[PDB]
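A lone chain, given as C-alpha cells: the form deposited in one PDB entry.
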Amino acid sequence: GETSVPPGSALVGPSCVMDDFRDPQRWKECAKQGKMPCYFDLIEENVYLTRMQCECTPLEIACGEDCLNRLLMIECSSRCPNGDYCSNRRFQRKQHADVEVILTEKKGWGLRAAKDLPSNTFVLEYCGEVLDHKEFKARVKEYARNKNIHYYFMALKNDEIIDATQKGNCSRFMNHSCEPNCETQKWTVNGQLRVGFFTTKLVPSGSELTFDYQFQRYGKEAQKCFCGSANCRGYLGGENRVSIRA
C-alpha cells in the first residue's frame, strides 16, 4: 500500500537508556521486557583472580600524535607536562566514545557509534576477569557444557585471558565482522597492559562498531557469520592464520 510519514509516537513505559547499565534494578526490569540485554556485573577496571615521561611542550592537542608515550602505546601519568589537559590518559579517565547498545537481527546485542568517530578513536576498554591458563581451561569447559551462545574471551598476553562473560562493560557486546571498523590495541597504563577497542576508519554516527574476533576466528569450531560484509568469509571459526608449510 501507499506509505506515509508515521505519526509521532511516545512510549508509555519509559525507555531504557545507557545510564541504566549503572542502575541494576532498572536494568533487570528492562531485561525481563527484552529492552536490555541479560544482566552482568558492570566493572570499572579488570579484576585479577590469581617512569615514562614524554617531551611534549605544555600547551591544538595536548600530547597529540607526536607524543613519545602515545607513539609507544604508553599512557601518560599525572606528572605529564600537560597536567590535567593531557589527551593521552584515555583509559585512566575512561574517556570512552559515545556508544549505544543495539539489538541486531541475527547476532544478539551489539554496539553502535552515537557520533561520527574519527579513525583511531578510543571506543571502550575491554574489561573483564583476567584468567590464568588453568582458570581459562576450566571456564572453556564450563561454558561449553552450559551451551553458551556467545563468547567473551580475549587474550591480553600469552598467559592472561580476559573473560567478560560474568563481569565487564558494554564492550562485551562488540560483534565480529569480516570487514571490521575497529581493532584492539594493547596499551601500558601505570605499567599494566590493558586492551581497548579503537576505530580503524571514520565510523559515521549510527554505524555498528565491529572487530575481527580473533579468539573465535582461529578456534577449532565454526559458526555461520552474519556480518553481511561484501567479502564475508561465510563462517566464523575453523580458520588458521597464513602459513607456508613443510
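Between two forms, the rigid core is defined as the largest C-alpha subset superposing within 1.5 Å. For every residue, the number given is its place in the sequence shown, counted from 1. Shifts are known only where both forms have a C-alpha.
Keep in mind that the form deposited in another entry is not shown, yet the notes after this line are about it.
Only one of 207, 188, 214, 200 has its C-alpha shifted by 2 Å or more between the shown form and the other one once the core is superposed, and that residue is 214. With the core held fixed, the Cα of residue 238 is displaced between the shown form and the other one by 2 Å or more.
In summary, the C-alpha positions of residue 220 and residue 200 diverge in the other entry, ending up at least 3 angstroms farther from each other than in this conformation.
The pair residue 238 and residue 177 is tighter in the other entry: their Cα-Cα distance falls by no less than 3 Å compared with this form. Segments displaced between the shown form and the other one are 14-18, 214-221, 238-246 (runs of at least 3 consecutive residues, each Cα moved 2 Å or more after rigid core superposition).
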